[PDB]
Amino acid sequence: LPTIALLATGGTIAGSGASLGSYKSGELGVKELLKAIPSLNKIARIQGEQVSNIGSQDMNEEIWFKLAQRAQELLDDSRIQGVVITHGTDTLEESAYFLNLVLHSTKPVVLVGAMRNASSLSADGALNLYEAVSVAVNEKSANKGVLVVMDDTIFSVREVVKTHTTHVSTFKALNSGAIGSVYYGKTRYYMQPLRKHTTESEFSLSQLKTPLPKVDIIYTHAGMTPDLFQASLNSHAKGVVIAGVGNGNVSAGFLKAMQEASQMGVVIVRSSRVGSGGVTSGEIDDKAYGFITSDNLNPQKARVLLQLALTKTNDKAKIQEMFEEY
């Protein structure tokens, strides 16, 4: 059978206590996760290890770099056929995108979590993990970038987002859709992601060091004032992503603050709070002010790309090109 490395980071998939909720994220080790499925041993040899044991609300760059380094080392090993990472669902979409930009392998990397804790009635993690391992061993899963497998569905990491606080079907791809299906391990792909990933990426771990450039996200709303934006500047942000209203829009006072920050060399990205769709110029002439539009990346994924962009360049045109290509 193929060997799959399983890298556990924590998350509700490993959470425990209760059957009706009542749990901590974060709790059981990477070997109890395997005891509840082992029809698993029919499809892969699993090499499990613990990278961290946290709720993903506590995900940070130290763990991202440990996770990415371990994943890359295993992907480089000819005895490893693919990697599955168990992860809390809250920030899974950010870790997936980060790995999609920094890992260099054609072998499948699949992130998976659970929206119900492992001891819940009707817990969802066992079948999600079976499926995830099924996708990671499938030959057609190679060369598609980092994948997320949840609730019988296969997503590309750039596209997938957590859209609901609690539903088991919370992950969706609101702009471009799921790239495949997996039903009790039967895997089918219907789409190939076109944005640059993994082996095609200019970012790589050997070139990166934590702390990454500081990038904050600023929310907007009626009655908004740029006081938190200015505080971000004062705390030495190198980039700021705005979760703007509608098509990345902001108040006049915000815009003047953004213009001044950009003129000082801070990179300003216009994203949106709305949850889907691309941000475009038009009401704001981005090129007039040096602003970057975040494509159809939501604020947290725009931040991931911006942080990596800023390790390479401060050139606005080049950064806008990265948002067109990644």
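So that there is no doubt, residue numbering starts at 1 and follows the sequence shown.
Enquirer: Between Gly17 and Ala18, determine how many residues of the deposited chain lack coordinates; answer none if the chain runs continuously, otherwise 1 to 3, 4 to 9, or 10 or more.
Expert: Missing residues, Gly17 to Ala18: 1 to 3.
Enquirer: Is the mean CA B factor in the deposited entry higher across 119-127 or across 93-101?
Expert: Per the PDB record, 119-127.
Enquirer: Which is higher in the entry, the mean Cα B factor of 174-182 or that of 208-216?
Expert: Looking at the record's C-alpha B-factors, the answer is 208-216.
Enquirer: Please work out which residue in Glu49, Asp58, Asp295, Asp286 has the highest C-alpha B-factor recorded for this crystal structure.
Expert: When the deposited C-alpha B-factors of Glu49, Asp58, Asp295, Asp286 are compared, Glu49 is largest.
Enquirer: For the CA B factor values reported in this entry, which option in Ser271, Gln263, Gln300, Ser276 has the top one?
Expert: Highest C-alpha B-factor among the listed residues goes to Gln263.
Enquirer: Among the modelled residues of its chain, does the C-alpha B-factor of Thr153 lie in the lowest, middle or highest third?
Expert: Its C-alpha B-factor, which the entry lists for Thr153, ranks in the lowest third among residues of this chain.
Enquirer: Would the CA B-factor of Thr163 place it in the lowest, middle or highest third of its chain?
Expert: For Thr163, the deposited C-alpha B-factor lands in the lowest third.
Enquirer: Select lowest, middle or highest to describe the third in which the CA B-factor of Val112 falls within its chain in this entry.
Expert: For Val112, whose C-alpha B-factor we compare with every modelled residue in the chain, the answer is the lowest third.
Enquirer: Among the modelled residues of its chain, does the C-alpha B-factor of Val83 lie in the lowest, middle or highest third?
Expert: According to the entry, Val83 has a C-alpha B-factor in the chain's middle third.
Enquirer: Rank-wise, by C-alpha B-factor, drop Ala317 into the lowest, middle or highest third of its chain.
Expert: Within its chain, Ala317 is a highest-third residue by C-alpha B-factor, going by the deposited values.
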